[PDB]
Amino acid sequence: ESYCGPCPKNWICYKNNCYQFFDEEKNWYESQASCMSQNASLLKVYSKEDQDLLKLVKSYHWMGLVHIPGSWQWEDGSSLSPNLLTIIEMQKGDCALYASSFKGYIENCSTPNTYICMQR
């Protein structure tokens, strides 16, 4: 038994990270702007153990993984850790969707998708 968070009330708390799903279809840029307005970022995947709840996520949703032409990187500038995501090519694009279990789909940044914000 432990106290989780802190997180805002309308967010799921899991191992002290906070997650919120947004059902609005938005492109990657608009989804990142949405998360920032909540004092958050798009989903960052850093650990299969600390984030094992991501195995239960259904459907595909924007996360904060982008390609600047260099490897894939998160919004915060950190590199994607190895052996964490299986990356699959889906569309011509520089952004990625999260899909269970621990997959990233390369996706056109302009394609509207639902999205997951994260705070910690």
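Throughout, we count residues from 1 along the sequence that is shown.
Novice: Would you say residue 69 goes unmodelled in a third or more of the other compared entries?
Specialist: Yes, residue 69 lacks coordinates in at least a third of the other compared entries.
Novice: In the deposited sequence, how many residues between residue 69 and residue 70 have no modelled coordinates (none, 1 to 3, 4 to 9, 10 or more)?
Specialist: The entry leaves 1 to 3 residues without coordinates here.
Novice: Mean C-alpha B factor from the entry: is it higher for 34-42 or for 59-67?
Specialist: So the stretch with the higher mean C-alpha B-factor is 34-42.
Novice: For the higher mean C-alpha B factor in the entry, choose 109-117 or 3-11.
Specialist: The deposited B-factors put 3-11 ahead on the C-alpha mean.
Novice: Per the entry, which of 86, 27, 51, 73 tops the list for Cα B factor?
Specialist: 73 has the highest C-alpha B-factor of those listed.
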